[PDB]
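Single chain ahead, written as structure tokens, the form deposited in one PDB entry.
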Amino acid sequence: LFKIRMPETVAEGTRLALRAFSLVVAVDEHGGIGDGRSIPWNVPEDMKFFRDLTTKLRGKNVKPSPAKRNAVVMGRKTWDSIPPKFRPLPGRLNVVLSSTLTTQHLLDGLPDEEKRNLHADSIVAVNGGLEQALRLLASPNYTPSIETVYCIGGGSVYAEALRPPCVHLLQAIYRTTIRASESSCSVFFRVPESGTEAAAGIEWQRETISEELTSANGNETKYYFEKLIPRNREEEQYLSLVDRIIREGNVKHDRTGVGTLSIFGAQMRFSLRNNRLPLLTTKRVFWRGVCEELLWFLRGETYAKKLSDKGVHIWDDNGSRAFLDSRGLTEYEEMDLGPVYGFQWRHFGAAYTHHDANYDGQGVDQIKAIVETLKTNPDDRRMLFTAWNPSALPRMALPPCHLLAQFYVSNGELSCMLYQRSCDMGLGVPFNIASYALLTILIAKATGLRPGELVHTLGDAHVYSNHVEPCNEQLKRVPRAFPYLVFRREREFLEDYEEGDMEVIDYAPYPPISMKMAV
């Protein structure tokens, strides 16, 4: 009665259409890959690179299991090129594209039966092209069990990977160039050039390129590596702003001695279409905290212990007996933050006593109101909620930072604008971009709409002084493609969603910033 009931279209608006993937290829100085899939210029260093890349999982501790492993999609001819005795490629799900062969067919091609069953799990045939394979890998059985998908070969498989719609799911291209001169490469590999129609809006850029290396295979073969990624202009908005703040921001010092460089007034835009999730890649975002806290906000929770008991300690400091008493909130039990955030969202203006009270039906439930409006009159220009309540600020452990959000609808897509008065560019902003992206996605799922864009307006945007050096280190990283968000299951009510109901896939953030802590 007080909860928000999810429509029957709850799962259809965010169903992953195609799984994201990477492409791995070896070419010669002329762009040629080979004829019917040749390899006579076999460079042991490349084979090992290929093996490590496609087999290893990110979790530097995890070993490939049917529950968590990488996938390799290949054309039939590529599968045939593999010595029958060495099929399938171990430690990976072998997805073979074929319009004649079948899963059993591929299986029997393998000699001994001891493995004709030990690998019955590691092989699957797809009657179609790359797109169908990615569509299949997008199903519950493979996503998220499959950590990363690698398109490994076939001139026709690469060509489909490099054109729409598949290219929009291409996270990276790993190209090895063997400087061996052979003409036995009837087909060439071409990465769409920046700004051309074939590129379909994507700007391919090298993240890395090695120096010229020499093989230890006797031929002294010259070869080098390249990692190409689709330029992420959205994350560059955030980096450009950080750099501008450090270069031109005003330095200020807290009454406690804390310093910051800052600018006033900025705005950034992020797409939420097709399951895209704007989790910054140049520095890992604590997604689990983001998700737990957001759900916490939606349920109009005010007791920080619920978050603390989940390993999310972002409210510890402002939830202690000391801090609370410093605010004159002596009757508040520790971790009881008062009518903050989510409380104003679901109960704007409701009198607060203790987090223990039952606030059902109290105050103005702005979220419920926006949900109903979105479903009946999406063009309404008053669809916004705020936590900024001058009358309740004194009763809060702390005044809200992200205090206002407005929704907008166009062509069945739901867009959201968030206003944040104070923005810690280092830790907070990436976190908050994630929260509202998640919020927008959930609201879309509650209103029969598709997630659109997240607009982020910043007031006082700052970088802490003793964050400058580590921030400069991060500013050196070229943003990678964003990950995607999928839901394992749905719920009857919005307030019933749990962090375990959704999963973030294909998130490959850069390593932690080496903030030389000592030594």
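Residue positions are given as counts along the sequence shown, with the first one as 1. What we label the rigid core is the largest C-alpha set whose atoms superpose within 1.5 Å from one form to the other.
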455 to 463 versus 47 to 55: which one carries the higher mean Cα B factor per the record?
47 to 55
Taking the mean of the C-alpha B-factors per stretch from the entry, tell me the winner out of 100 to 108 and 419 to 427.
100 to 108
Highest-ranked of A351, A434, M74, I82 once sorted by CA temperature factor in the record
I82
When you compare the CA B-factors of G319, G289, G265, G448 as listed in the entry, which one comes out on top?
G319
For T214, the third of its chain by CA B-factor is the highest
Using the temperature factors of the C-alpha atoms in this entry, rank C151 within its chain: lowest, middle or highest third.
middle
Sort the modelled residues of this chain by their C-alpha B factor and say whether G259 lands in the lowest, middle or highest third.
middle
Splitting the chain's C-alpha B-factors into thirds, which one does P140 fall into?
highest
Ranking the modelled residues of this chain by C-alpha B-factor as given in the entry, is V10 in the lowest, middle or highest third?
highest
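Same protein, other form: the form deposited in another entry, not shown, and the subject of what follows.
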Single mover in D52, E492, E473, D35, with Cα shift of 2 Å or more between this form and the one not shown when the core is superposed:
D35
